[PDB]
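Coming up is one lone chain in structure tokens, specifically the form deposited in one PDB entry.
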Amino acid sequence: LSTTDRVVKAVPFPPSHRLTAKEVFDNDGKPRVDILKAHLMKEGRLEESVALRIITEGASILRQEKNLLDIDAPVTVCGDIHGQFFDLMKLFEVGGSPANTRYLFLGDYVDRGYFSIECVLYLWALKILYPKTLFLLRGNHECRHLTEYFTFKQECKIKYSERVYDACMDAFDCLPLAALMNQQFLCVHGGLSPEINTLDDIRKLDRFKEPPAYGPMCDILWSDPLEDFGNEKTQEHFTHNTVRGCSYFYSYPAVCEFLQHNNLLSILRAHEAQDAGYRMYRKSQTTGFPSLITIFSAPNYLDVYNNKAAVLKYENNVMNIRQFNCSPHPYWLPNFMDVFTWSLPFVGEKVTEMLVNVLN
């Protein structure tokens, strides 16, 4: 057997070529998302300056947007992606082409999945191409603390540089916090807040910064519904979220009051993994419509959960949920660990072990 050439030649080898500015952007300054999509699926990379240009130009578009977006139906609402790029490709097949489909993402594009930078680069490129029909909200992972605690900062250092990471951090600050969809739905990543009673409370926030450890901006990104949501006993509205170690748990009477006070139909959010990719919570005793909806767009979460993902396609006064399964993706060892670092302690162990026994 050959010692130089690759053994399993059937396995596609990631291209060393890095896309130039001329190859990605046309004469009109429009990004070629098809060229970008195909190259990224081969685990190909771009030049640093090109990647930096996609991030910054996208950031300039985002920072011209309001805290609370105004989006009308029809639109496809999406949940957590968590760096699962090859599942994101399937998402756009199921949810429809952005060339004629309006999109709303609820955040958490990075961390956990080992293709986070490809998710950002592609989504930002789509934002540049479709600035008025594709929309991105901020999730609790789009910040400096979690991306450093998990794998996204590491991913940037391995695949690109820390400069790209910094650019993303500044870009994440520009991400809108919420969206008002079809004058009926409030769309956030986490949920509600004791310091947010009206939609204008969201408009008064200063989002261009690191999310604080506590406050309204923290709660929108971090809060969860109660475990017994709809079947409360001791009630209250907001209680300390012991699962997250920060922010709050919100109850069914809490959200219902918010809906009635702001004349809204329901709340669309993500933040929590679902086996079915979605969950319909207790209907309101006024409309008979679900007061809360969780959307999760990461199938087979962490390659272990084996869950279905879903997107919410709201058109013709019909809220249809498109479930979908996971797709094949190139393998990575946990935390981008290389094989030398992985195997050497085993080498040193077994080889030493052999010699100890032949001398015993």
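Shifts are known only where both forms have a C-alpha. Start at 1 with the first residue shown and count on from there. Here the rigid core means the biggest group of C-alpha atoms that line up within 1.5 Å when the two forms are laid on top of each other.
J.: Comparing 278-286 with 93-101, which stretch shows the greater average C-alpha B-factor in the deposited entry?
T.: So the stretch with the higher mean C-alpha B-factor is 278-286.
J.: Between 190-198 and 230-238, name whichever shows the higher mean Cα B factor according to the PDB entry.
T.: Comparing 190-198 with 230-238, the higher mean C-alpha B-factor belongs to 230-238.
J.: Quick one: which of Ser297, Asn67, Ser49, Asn300 has the biggest Cα B-factor according to the entry?
T.: Answer for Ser297, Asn67, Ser49, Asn300: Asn300, with the highest C-alpha B-factor.
J.: Could you say which of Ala178, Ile81, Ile71, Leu121 has its CA atom at the highest B factor, as listed in the PDB entry?
T.: Among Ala178, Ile81, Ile71, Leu121, the highest C-alpha B-factor in the entry belongs to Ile71.
J.: Once the chain's modelled residues are ordered by C-alpha B factor and cut into thirds, is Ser327 in the lowest, middle or highest one?
T.: It belongs to the middle third of the chain when residues are ordered by C-alpha B-factor.
J.: Could you say whether, by C-alpha temperature factor, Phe258 belongs to the lowest, middle or highest third of its chain?
T.: CA B-factor rank for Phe258: middle third.
J.: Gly29's Cα B-factor: lowest, middle or highest third of the chain?
T.: As the PDB entry reports it, the C-alpha B-factor of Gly29 lands in the middle third of its chain.
J.: Quick check for you: using the entry's CA B-factors within this chain, is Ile293 in the lowest, middle or highest third?
T.: Middle third.
J.: When the modelled residues of the chain are sorted by Cα temperature factor, does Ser16 land in the lowest, middle or highest third?
T.: As the PDB entry reports it, the C-alpha B-factor of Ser16 lands in the lowest third of its chain.
There is another form of the same protein, the form deposited in another entry; it is not shown, and what comes next is about it.
J.: Aligned on the rigid core, do the two forms place the Cα of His17 2 Å or more apart, comparing between this form and the one not shown?
T.: Comparing the forms between this form and the one not shown, which are aligned on their rigid core, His17 does not shift its C-alpha by 2 Å or more.
J.: Would you please work out which stretches of at least three consecutive shared residues show Cα displacements of 2 Å or more throughout between this form and the one not shown, after fitting on the rigid core?
T.: Moving region between this form and the one not shown: 337-360, nothing else.
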